[PDB]
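Student: Got start15.cif for you, mmCIF, C-alpha atoms:
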```cif
data_coords
#
loop_
_atom_site.label_atom_id
_atom_site.label_comp_id
_atom_site.auth_asym_id
_atom_site.auth_seq_id
_atom_site.Cartn_x
_atom_site.Cartn_y
_atom_site.Cartn_z
CA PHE A 1 -266.17 28.50 143.09
CA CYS A 2 -268.28 25.53 142.01
CA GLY A 3 -271.72 26.28 143.43
CA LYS A 4 -273.15 27.10 146.84
CA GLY A 5 -272.44 24.62 149.61
CA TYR A 6 -269.64 22.10 149.93
CA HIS A 7 -268.64 20.90 146.48
CA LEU A 8 -269.05 17.17 145.88
CA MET A 9 -268.69 16.84 142.10
CA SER A 10 -269.58 18.60 138.86
CA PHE A 11 -270.87 17.42 135.49
CA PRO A 12 -270.22 19.27 132.22
CA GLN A 13 -272.90 19.67 129.58
CA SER A 14 -272.24 21.06 126.13
CA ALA A 15 -274.07 24.18 125.01
CA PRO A 16 -274.25 25.91 121.60
CA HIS A 17 -271.30 28.26 122.21
CA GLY A 18 -270.53 27.49 125.84
CA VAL A 19 -270.54 24.93 128.62
CA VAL A 20 -273.06 24.23 131.38
CA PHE A 21 -271.76 22.86 134.68
CA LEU A 22 -274.06 20.89 136.98
CA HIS A 23 -272.52 21.53 140.39
CA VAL A 24 -273.51 18.86 142.92
CA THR A 25 -273.04 20.31 146.40
CA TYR A 26 -273.75 19.28 149.98
CA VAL A 27 -275.97 21.69 151.92
CA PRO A 28 -276.41 21.06 155.66
CA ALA A 29 -279.91 21.46 157.07
CA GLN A 30 -282.11 20.91 160.14
CA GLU A 31 -279.74 22.23 162.77
CA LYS A 32 -280.14 21.99 166.55
CA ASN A 33 -278.84 24.19 169.35
CA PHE A 34 -276.26 22.70 171.72
CA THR A 35 -273.88 23.62 174.53
CA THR A 36 -270.14 23.39 173.92
CA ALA A 37 -266.91 23.50 175.87
CA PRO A 38 -263.38 24.07 174.55
CA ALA A 39 -262.18 20.98 176.43
CA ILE A 40 -263.14 18.32 178.98
CA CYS A 41 -261.56 18.16 182.44
CA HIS A 42 -260.69 14.69 183.71
CA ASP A 43 -258.07 13.82 186.35
CA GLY A 44 -256.70 17.36 186.38
CA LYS A 45 -255.95 17.16 182.66
CA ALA A 46 -257.60 18.89 179.70
CA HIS A 47 -259.00 16.78 176.85
CA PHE A 48 -259.52 18.27 173.39
CA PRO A 49 -261.36 16.46 170.58
CA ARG A 50 -259.17 14.95 167.89
CA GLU A 51 -261.78 15.64 165.19
CA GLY A 52 -265.02 17.30 166.23
CA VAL A 53 -266.58 19.37 168.99
CA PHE A 54 -267.82 18.70 172.50
CA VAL A 55 -271.61 19.01 172.68
CA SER A 56 -274.10 18.30 175.44
CA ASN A 57 -277.81 17.50 175.16
CA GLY A 58 -278.37 19.33 178.45
CA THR A 59 -277.25 16.45 180.66
CA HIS A 60 -274.51 14.36 179.01
CA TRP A 61 -271.43 15.39 177.04
CA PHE A 62 -270.72 13.94 173.60
CA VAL A 63 -268.13 14.11 170.81
CA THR A 64 -269.62 14.74 167.38
CA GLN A 65 -268.27 15.52 163.95
CA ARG A 66 -268.60 19.16 163.03
CA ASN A 67 -270.84 18.95 159.94
CA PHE A 68 -273.29 16.20 160.95
CA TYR A 69 -274.77 15.33 164.34
CA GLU A 70 -273.46 11.89 165.33
CA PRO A 71 -272.83 12.08 169.08
CA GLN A 72 -270.40 9.63 170.63
CA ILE A 73 -269.29 9.00 174.20
CA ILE A 74 -266.10 10.84 175.12
CA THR A 75 -263.40 8.15 175.16
CA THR A 76 -259.62 8.45 175.35
CA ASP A 77 -259.43 7.38 171.68
CA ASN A 78 -261.33 10.29 170.07
CA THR A 79 -259.70 12.93 172.30
CA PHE A 80 -256.16 13.97 173.12
CA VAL A 81 -254.79 15.39 176.36
CA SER A 82 -252.61 18.51 176.63
CA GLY A 83 -251.80 20.46 179.78
CA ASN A 84 -253.38 20.89 183.19
CA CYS A 85 -256.96 21.97 183.81
CA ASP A 86 -256.45 25.63 184.75
CA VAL A 87 -255.25 27.50 181.62
CA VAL A 88 -258.06 26.84 179.12
CA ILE A 89 -261.01 29.11 179.89
CA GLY A 90 -264.36 27.41 179.35
CA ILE A 91 -263.32 23.96 180.61
CA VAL A 92 -266.18 21.79 181.86
CA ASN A 93 -265.80 18.91 184.30
CA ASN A 94 -266.78 15.52 182.88
CA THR A 95 -265.64 11.91 182.65
CA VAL A 96 -263.46 10.56 179.84
CA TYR A 97 -264.27 6.88 179.40
CA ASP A 98 -261.38 4.43 179.06
CA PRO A 99 -261.71 1.27 176.93
CA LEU A 100 -259.08 -0.57 178.99
CA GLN A 101 -260.41 -0.48 182.55
CA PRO A 102 -263.64 -2.48 181.92
CA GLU A 103 -261.79 -5.46 180.41
CA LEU A 104 -259.21 -5.54 183.21
CA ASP A 105 -261.78 -6.13 185.96
CA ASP B 1 -278.30 72.42 119.54
CA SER B 2 -277.22 73.35 116.00
CA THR B 3 -279.80 72.11 113.50
CA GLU B 4 -277.53 72.71 110.49
CA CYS B 5 -274.96 70.63 112.39
CA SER B 6 -277.33 67.87 113.50
CA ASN B 7 -278.64 67.42 109.95
CA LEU B 8 -275.05 67.08 108.71
CA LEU B 9 -274.37 64.56 111.50
CA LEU B 10 -277.04 62.18 110.16
CA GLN B 11 -274.88 61.70 107.05
CA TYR B 12 -272.44 59.64 109.15
CA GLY B 13 -275.12 57.05 109.90
CA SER B 14 -275.18 55.24 113.23
CA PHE B 15 -272.02 56.25 115.10
CA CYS B 16 -273.99 58.10 117.78
CA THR B 17 -276.19 55.13 118.69
CA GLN B 18 -273.16 52.82 118.79
CA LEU B 19 -271.29 55.08 121.21
CA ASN B 20 -274.26 55.42 123.57
CA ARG B 21 -274.90 51.67 123.44
CA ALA B 22 -271.27 50.99 124.39
CA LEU B 23 -271.30 53.50 127.25
CA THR B 24 -274.61 52.11 128.56
CA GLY B 25 -273.14 48.61 128.33
CA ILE B 26 -270.16 49.57 130.47
CA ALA B 27 -272.41 51.53 132.84
CA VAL B 28 -274.60 48.49 133.56
CA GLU B 29 -271.62 46.25 134.32
CA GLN B 30 -270.38 48.85 136.81
CA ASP B 31 -273.44 47.89 138.87
CA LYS B 32 -272.96 44.19 138.12
CA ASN B 33 -269.41 44.50 139.49
CA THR B 34 -270.58 45.86 142.84
CA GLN B 35 -273.45 43.36 142.99
CA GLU B 36 -271.22 40.32 142.53
CA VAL B 37 -268.66 41.53 145.09
CA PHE B 38 -270.98 42.58 147.91
CA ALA B 39 -274.38 40.91 147.36
CA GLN B 40 -273.08 37.48 148.36
CA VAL B 41 -275.22 37.05 151.50
CA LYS B 42 -278.73 35.61 151.47
CA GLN B 43 -279.71 37.51 154.61
CA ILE B 44 -278.60 40.54 156.66
CA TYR B 45 -276.82 38.89 159.64
CA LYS B 46 -276.61 41.01 162.83
CA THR B 47 -274.03 41.11 165.68
CA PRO B 48 -275.16 40.33 169.29
CA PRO B 49 -275.63 43.60 171.30
CA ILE B 50 -273.50 42.00 174.04
CA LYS B 51 -270.08 41.60 172.42
CA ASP B 52 -268.16 38.91 174.32
CA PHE B 53 -265.88 37.23 171.78
CA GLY B 54 -263.33 35.70 174.14
CA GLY B 55 -261.26 38.89 174.28
CA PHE B 56 -261.30 39.68 170.56
CA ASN B 57 -262.29 43.30 169.94
CA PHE B 58 -263.98 43.99 166.60
CA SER B 59 -264.88 47.58 167.48
CA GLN B 60 -263.01 49.18 164.56
CA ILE B 61 -264.55 46.94 161.88
CA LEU B 62 -268.16 46.70 163.25
CA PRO B 63 -270.59 49.57 162.62
CA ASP B 64 -271.09 52.56 164.91
CA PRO B 65 -274.73 53.68 165.30
CA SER B 66 -273.79 57.37 165.46
CA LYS B 67 -271.62 57.81 162.36
CA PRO B 68 -272.80 58.48 158.75
CA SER B 69 -274.58 55.44 157.26
CA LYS B 70 -273.53 53.67 160.50
CA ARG B 71 -270.09 53.15 158.95
CA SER B 72 -267.41 51.37 160.93
CA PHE B 73 -264.44 53.36 162.19
CA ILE B 74 -262.01 52.08 159.55
CA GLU B 75 -264.69 52.51 156.88
CA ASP B 76 -265.12 56.16 157.89
CA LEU B 77 -261.34 56.61 157.89
CA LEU B 78 -261.31 55.17 154.35
CA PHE B 79 -264.04 57.51 153.06
CA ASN B 80 -262.16 60.62 154.23
CA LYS B 81 -258.87 59.74 152.48
CA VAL B 82 -260.16 59.28 148.93
CA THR B 83 -261.84 62.70 148.87
CA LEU B 84 -258.89 64.18 146.98
CA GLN B 85 -271.32 67.62 136.57
CA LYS B 86 -273.11 68.46 133.32
CA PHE B 87 -271.76 70.91 130.75
CA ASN B 88 -272.48 69.64 127.22
CA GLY B 89 -273.62 66.03 126.72
CA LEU B 90 -271.83 64.65 129.81
CA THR B 91 -274.17 63.02 132.40
CA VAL B 92 -272.85 60.99 135.41
CA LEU B 93 -275.53 58.38 136.33
CA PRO B 94 -275.70 57.50 140.10
CA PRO B 95 -274.70 53.98 141.34
CA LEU B 96 -277.62 51.59 141.96
CA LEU B 97 -276.33 50.60 145.42
CA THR B 98 -275.89 53.61 147.67
CA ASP B 99 -272.94 53.65 150.06
CA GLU B 100 -275.35 52.91 152.93
CA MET B 101 -276.44 49.62 151.35
CA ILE B 102 -272.86 48.64 150.52
CA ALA B 103 -272.05 49.35 154.17
CA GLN B 104 -274.94 47.10 155.23
CA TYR B 105 -273.63 44.35 152.93
CA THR B 106 -270.16 44.59 154.46
CA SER B 107 -271.69 44.65 157.96
CA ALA B 108 -273.72 41.49 157.27
CA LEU B 109 -270.74 39.74 155.65
CA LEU B 110 -268.73 40.73 158.73
CA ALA B 111 -271.35 39.86 161.37
CA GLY B 112 -271.93 36.41 159.87
CA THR B 113 -268.27 35.46 159.88
CA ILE B 114 -267.93 36.52 163.53
CA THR B 115 -270.95 34.62 164.87
CA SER B 116 -271.44 31.78 162.38
CA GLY B 117 -267.97 31.37 160.89
CA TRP B 118 -267.65 30.12 157.32
CA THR B 119 -270.90 28.14 157.58
CA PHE B 120 -273.20 30.99 156.51
CA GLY B 121 -271.58 30.87 153.06
CA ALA B 122 -272.42 27.19 152.56
CA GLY B 123 -275.99 26.94 153.88
CA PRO B 124 -277.82 27.74 157.11
CA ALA B 125 -275.88 30.07 159.40
CA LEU B 126 -274.72 27.99 162.37
CA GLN B 127 -273.60 29.87 165.47
CA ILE B 128 -270.32 29.00 167.19
CA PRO B 129 -268.28 30.75 169.92
CA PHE B 130 -265.57 32.86 168.34
CA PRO B 131 -262.75 31.30 170.35
CA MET B 132 -263.87 27.89 169.12
CA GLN B 133 -264.01 29.28 165.58
CA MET B 134 -260.38 30.38 165.95
CA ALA B 135 -259.55 26.89 167.19
CA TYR B 136 -260.86 25.22 164.05
CA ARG B 137 -259.22 27.83 161.84
CA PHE B 138 -255.96 27.02 163.64
CA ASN B 139 -256.63 23.40 162.72
CA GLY B 140 -256.87 24.50 159.08
CA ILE B 141 -253.27 25.73 158.97
CA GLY B 142 -251.81 22.67 160.70
CA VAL B 143 -251.76 23.82 164.35
CA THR B 144 -253.70 21.95 167.01
CA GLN B 145 -256.53 23.46 169.05
CA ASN B 146 -254.65 23.57 172.35
CA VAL B 147 -252.20 26.11 170.92
CA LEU B 148 -255.12 28.52 170.54
CA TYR B 149 -256.81 27.60 173.80
CA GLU B 150 -253.69 27.87 176.00
CA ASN B 151 -252.62 31.14 174.30
CA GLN B 152 -256.09 32.65 173.84
CA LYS B 153 -255.36 35.83 175.81
CA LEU B 154 -252.07 36.44 173.98
CA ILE B 155 -253.73 35.77 170.62
CA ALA B 156 -256.61 38.16 171.29
CA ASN B 157 -254.19 40.90 172.38
CA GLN B 158 -252.08 40.41 169.25
CA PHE B 159 -255.18 40.57 167.04
CA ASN B 160 -256.48 43.72 168.74
CA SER B 161 -253.07 45.40 168.49
CA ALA B 162 -252.82 44.48 164.80
CA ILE B 163 -256.24 46.00 164.10
CA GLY B 164 -255.16 49.13 165.97
CA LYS B 165 -252.08 49.43 163.75
CA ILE B 166 -254.16 49.11 160.58
CA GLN B 167 -256.13 52.05 161.93
CA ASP B 168 -252.94 54.06 162.50
CA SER B 169 -251.32 53.13 159.18
CA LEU B 170 -254.44 54.37 157.41
CA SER B 171 -255.12 57.48 159.52
CA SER B 172 -251.64 58.91 158.86
CA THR B 173 -249.85 57.45 155.83
CA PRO B 174 -250.88 59.33 152.70
CA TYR C 1 -289.53 51.89 146.65
CA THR C 2 -286.16 51.57 148.35
CA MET C 3 -284.61 48.13 147.98
CA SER C 4 -284.60 45.71 150.88
CA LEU C 5 -281.16 44.12 151.01
CA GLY C 6 -282.59 40.88 152.36
CA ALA C 7 -284.37 39.37 155.31
CA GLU C 8 -283.00 40.39 158.69
CA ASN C 9 -281.41 37.59 160.69
CA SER C 10 -279.75 37.48 164.10
CA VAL C 11 -277.65 34.41 164.88
CA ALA C 12 -278.17 33.24 168.45
CA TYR C 13 -274.54 33.81 169.41
CA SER C 14 -273.25 33.12 172.91
CA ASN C 15 -269.98 32.00 174.43
CA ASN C 16 -271.05 28.35 174.81
CA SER C 17 -273.69 27.75 172.12
CA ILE C 18 -273.29 25.89 168.82
CA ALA C 19 -275.62 24.80 166.04
CA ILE C 20 -274.98 21.46 164.35
CA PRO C 21 -276.84 20.11 161.30
CA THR C 22 -278.83 16.91 161.78
CA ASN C 23 -279.69 16.34 158.11
CA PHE C 24 -278.48 17.47 154.70
CA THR C 25 -279.79 18.32 151.26
CA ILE C 26 -277.93 17.47 148.08
CA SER C 27 -278.54 20.32 145.67
CA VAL C 28 -277.48 20.51 142.04
CA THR C 29 -277.18 23.95 140.45
CA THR C 30 -276.24 25.02 136.94
CA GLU C 31 -273.66 27.54 135.79
CA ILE C 32 -273.54 28.69 132.16
CA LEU C 33 -270.30 30.05 130.70
CA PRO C 34 -269.61 31.20 127.13
CA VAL C 35 -266.43 29.75 125.67
CA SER C 36 -266.40 30.89 122.03
CA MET C 37 -268.12 33.20 119.56
CA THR C 38 -268.77 33.00 115.83
CA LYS C 39 -265.64 32.84 113.66
CA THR C 40 -266.31 35.74 111.31
CA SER C 41 -264.17 37.59 108.79
CA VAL C 42 -264.70 40.56 106.49
CA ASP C 43 -262.86 41.27 103.26
CA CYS C 44 -261.68 44.85 103.74
CA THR C 45 -261.31 45.49 100.00
CA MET C 46 -264.66 43.92 99.10
CA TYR C 47 -266.52 45.58 101.98
CA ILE C 48 -265.09 49.01 101.16
CA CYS C 49 -265.01 48.91 97.34
CA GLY C 50 -267.25 46.03 96.29
#
```
Now that the file is in, can you turn its structure into structure tokens?
Tutor:
Amino acid sequence: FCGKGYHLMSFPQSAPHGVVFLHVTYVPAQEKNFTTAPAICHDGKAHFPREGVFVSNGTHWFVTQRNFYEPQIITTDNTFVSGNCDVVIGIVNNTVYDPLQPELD
Amino acid sequence: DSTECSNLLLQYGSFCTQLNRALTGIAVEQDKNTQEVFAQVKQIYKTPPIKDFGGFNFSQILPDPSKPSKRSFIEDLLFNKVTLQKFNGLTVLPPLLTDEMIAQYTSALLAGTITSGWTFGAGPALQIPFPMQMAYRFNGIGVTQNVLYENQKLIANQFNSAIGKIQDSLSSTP
Amino acid sequence: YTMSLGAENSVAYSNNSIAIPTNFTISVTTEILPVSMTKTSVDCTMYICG
């Protein structure tokens, strides 16, 4: 509607018998290939990302937002758990870090 | 081709040039209309030869490389249901985009939304597995991802059956 | 010649591959729309008779 890309804001400019809109949009660029999984298996339970996708740099699995690469370690705070680990097809086995165990010890 | 008529017609001035200018003006925008509907893709996106989309079957919307213009099955069904000169001054000018190129536009628009999602309309086309595309589109309507992932095989069957019924409702109902 | 509809592109689709942007570009593009035309009027009597 307002320009190509994800619309941020627009500025009107008057013209003789019309209007000129300056559509400021956000265009993603410089993409990288990755490997994804629908969910992460940990303790016989399936973990889905609250907001983002599971990506791996070939060795380690990360949780990143979907429009900008900012990988983060898969914790129990940026994922949610639903069901056992045998119904989702494409599950990968990995560890879901817990921010409560390290303090306890 | 009556000279005594054409000389008399000059007495009315510039009606004839006005009428041709108006008809040419509405003949150019007939091509603009098609251009702004279909020519919305920067590039001609292609579908992977191996078609594993998590159980989703886009065989009746994707092109067939045996049919005329490589039309899809529903597109061919559509072009056989509508099918129901120059004498003196009348001249039908051909469309700028042939049906083959419009079919290529709709194939690229359709192969980019299967592989890349809605990202190819906002920048660089970013690939994503189709099941995971359905998961984020389920997020868009307020349903969590696990509802798609735990019901993937039901959802794919429902989608395939619904496409099959579009085919039937078009192939029969006049 | 016959028109080329655009550059061919094949997206590297597979069941476990994604592409994620690492940077962005902020682009500003114009869009011109007419809103009004000249307010004209013709006197029918004066145009016809004069």
Student: Written as a ChimeraX atom specification, what is the full residue list that the PyMOL selection byres ((chain C) within 8 of (chain A)) yields on the file shown?
Tutor: /C:16-37
Student: Expanded to explicit residues, what is the PyMOL selection byres ((chain B and resi 46) around 8) for this file, as an MDAnalysis selection string?
Tutor: (chainID B and resid 44:45 47:48 107:108 111:112) or (chainID C and resid 8:11)
Student: With distances taken over all atoms listed in the file, which of A:81, A:40, A:63, A:87 is nearest to chain B?
Tutor: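 So, comparing all the options, the nearest one is A:87.
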Student: Restrict the distance test to all atoms listed in the file, flag each residue of chain B within 7 Å of chain A, and return the flagged residues as an NGL selection string.
Tutor: :B and (122-124 or 132 or 146 or 149-150)
Student: Env of residue 96 (chain A): 8 Å cut, atoms = all atoms listed in the file, seq-sep filter 2 positions within chain, self excluded. Answer as a PyMOL selection string.
Tutor: chain A and resi 40+42+74-76+94+98
Student: Could you produce a table of the residues of chain B lying within 8 Å of chain C, with the nearest pair of atoms per residue and their separation in Å rounded to one decimal, using only C-alpha atoms, ordered by chain and increasing residue number, as a Markdown table?
Tutor:
```
| residue | atom | partner | partner_atom | distance |
| --- | --- | --- | --- | --- |
| B:42 | CA | C:6 | CA | 6.6 |
| B:43 | CA | C:6 | CA | 5.0 |
| B:44 | CA | C:8 | CA | 4.8 |
| B:45 | CA | C:9 | CA | 4.9 |
| B:46 | CA | C:10 | CA | 4.9 |
| B:47 | CA | C:10 | CA | 7.0 |
| B:48 | CA | C:13 | CA | 6.6 |
| B:52 | CA | C:15 | CA | 7.1 |
| B:53 | CA | C:15 | CA | 7.2 |
| B:54 | CA | C:15 | CA | 7.6 |
| B:101 | CA | C:5 | CA | 7.3 |
| B:105 | CA | C:5 | CA | 7.8 |
| B:112 | CA | C:11 | CA | 7.9 |
| B:115 | CA | C:13 | CA | 5.8 |
| B:116 | CA | C:11 | CA | 7.2 |
| B:125 | CA | C:11 | CA | 7.2 |
| B:126 | CA | C:19 | CA | 4.9 |
| B:127 | CA | C:18 | CA | 5.2 |
| B:128 | CA | C:18 | CA | 4.6 |
| B:129 | CA | C:15 | CA | 5.0 |
| B:130 | CA | C:15 | CA | 7.6 |
```
Student: Go ahead and dump the residues you just picked, C-alpha atoms, as a compact mmCIF listing (two decimals), keeping the file's coordinate frame.
Tutor:
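For reference, result.txt as written:
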```
# COMPACT_ATOMS: atom_id res chain seq x y z
CA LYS B 42 -278.73 35.61 151.47
CA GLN B 43 -279.71 37.51 154.61
CA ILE B 44 -278.60 40.54 156.66
CA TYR B 45 -276.82 38.89 159.64
CA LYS B 46 -276.61 41.01 162.83
CA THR B 47 -274.03 41.11 165.68
CA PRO B 48 -275.16 40.33 169.29
CA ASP B 52 -268.16 38.91 174.32
CA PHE B 53 -265.88 37.23 171.78
CA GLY B 54 -263.33 35.70 174.14
CA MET B 101 -276.44 49.62 151.35
CA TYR B 105 -273.63 44.35 152.93
CA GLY B 112 -271.93 36.41 159.87
CA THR B 115 -270.95 34.62 164.87
CA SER B 116 -271.44 31.78 162.38
CA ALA B 125 -275.88 30.07 159.40
CA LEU B 126 -274.72 27.99 162.37
CA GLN B 127 -273.60 29.87 165.47
CA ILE B 128 -270.32 29.00 167.19
CA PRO B 129 -268.28 30.75 169.92
CA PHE B 130 -265.57 32.86 168.34
```
Student: So how many Å separate CA of residue 79 (chain B) and CA of residue 106 (chain B), to one decimal?
Tutor: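 Those two atoms sit 14.4 Å apart.
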Student: For residue 33 (chain B), which residue among B:82, B:5, B:96, B:16 is the nearest when counting all atoms listed in the file?
Tutor: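 Ranked by minimum distance to residue 33 (chain B), first place goes to B:96.
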Student: When you draw a straight line from CA of residue 41 (chain A) to CA of residue 58 (chain A), how long is it in Å?
Tutor: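 CA of residue 41 (chain A) sits 17.3 Å away from CA of residue 58 (chain A).
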Student: Using the chain letters and residue numbers of this document, give as a ChimeraX atom specification the residues selected by the PyMOL selection byres ((chain B and resi 102) around 12).
Tutor: /B:31,34-41,44,69-71,75,95-101,103-109 /C:5
Student: Distance CA of residue 163 (chain B)-CA of residue 57 (chain B), one decimal place?
Tutor: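 For CA of residue 163 (chain B) relative to CA of residue 57 (chain B), the distance reads 8.8 Å.
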